[PDB]
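Cβ: placed from backbone, ideal geometry, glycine included. Neighbour counts: every protein chain shown. Nothing in this text is a laboratory measurement; each read-out follows from the coordinates by a stated rule.
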Amino acid sequence: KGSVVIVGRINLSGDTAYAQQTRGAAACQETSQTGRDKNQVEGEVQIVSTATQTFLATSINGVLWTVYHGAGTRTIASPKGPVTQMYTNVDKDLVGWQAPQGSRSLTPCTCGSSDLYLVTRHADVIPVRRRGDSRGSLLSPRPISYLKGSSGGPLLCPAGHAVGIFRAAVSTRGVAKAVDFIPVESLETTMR
Ligand SMILES: C=C[C@@H]1C[C@]1(NC(=O)[C@@H]1C[C@@H](Oc2ncc(OC)c3ccc(Cl)cc23)CN1C(=O)[C@@H](NC(=O)OC(C)(C)C)C(C)(C)C)C(=O)NS(=O)(=O)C1CC1
Ligand SMILES: [Cl-]
Ligand SMILES: [Zn+2]
């Protein structure tokens, strides 16, 4: 069992969101096994990988957060070797490590906005209407396949603050009409 490896990143700053791949699937074996990753981290959102699966991780308040169902209890690879998890909550599906040096963190939202935006692993930014503490509705339904690999990514408010971490798709016969997320307030409670 190896470390989670950063294989890309998503930029949310400036005027244009974009994805950049920094490491190929072939291969992350050495980095996985050793937990030593030479690459200097950038950006707010990391594209991360285990042996055969990819997902996202988001820096908020100096902690790099992701989903347990992706990371498990794994360390994350870094230039100084494997980094042990700071936070682990299986009930919430939540993992956090100390944010990598050179990372930019998002600020938790206190706007109270109903209009949210989900950032996918391809750096698509899709509108979500908030509908409860941990739920939002997609304005356009999407096959679940479209959202697979985007867990751990941010839901943002219009000003680009973090509102939550994408956890699960609300699936009706293989089609997502809504998304379930870990709200930033819940991240705060975990940090208590
Ligand atoms: C389609 C894209 C969705 C965003 C995505 N997440 C999913 O697949 C999640 C995983 C799983 O949920 C949970 N696991 C473990 C938990 O704890 C450890 C949970 C604790 C609390 C809650 Cl809430 C959920 C938990 C089931 N699930 C669904 O989304 C499921 N939906 C779901 O369960 O919906 C309800 C929550 C509303 C029931 C289903 C599979 C049916 C869509 C993804 O992309 N993953 S991934 O590919 O990146 C993978 C990391 C590599
Ligand atoms: Cl890397
Ligand atoms: Zn806000």
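For this structure, a couple of remarks:
- Rg/Rg_globular for the chain, with Rg_globular taken as 2.2 N^0.38 Å and Rg from C-alpha atoms: 0.95
- Of all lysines in the structure, the ones whose alpha carbon falls short of 18 Å from that of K148, not counting any fewer than 8 places away in one chain, are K177.
- Whole-Hz Karplus values for region 93-105 come out as 6, 10, 10, x, 10, 4, 4, x, 4, x, 7, 10, 8 Hz, taken residue by residue from phi with 6.51 cos²θ - 1.76 cosθ + 1.60 and θ = phi - 60°; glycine and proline positions read x.
- Counted by neighbouring Cβ atoms within 10 Å, the residues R173, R135 run from fewest to most as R173, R135.
- Rg/Rh (Cα only; Kirkwood hydrodynamic radius) as it applies to region 1-106: 0.94
- Only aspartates and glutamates eight or more places from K92 in sequence, or on another chain, were considered; those with a Cα closer than 14 Å are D133, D180, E185, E188.
- A cut-off of 5 Å between modelled amide H atoms, ignoring neighbours fewer than 5 places along the same chain, links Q98 with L64, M86.
- Model label points for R142 and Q53, set 7 angstrom from Cα along the Cα-to-Cβ axis, are 1.9 nm apart.
- Calculated FRET efficiency, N61 to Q33, Cβ-Cβ distance, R0 = 45 Å: about 0.90 to the nearest 0.05.
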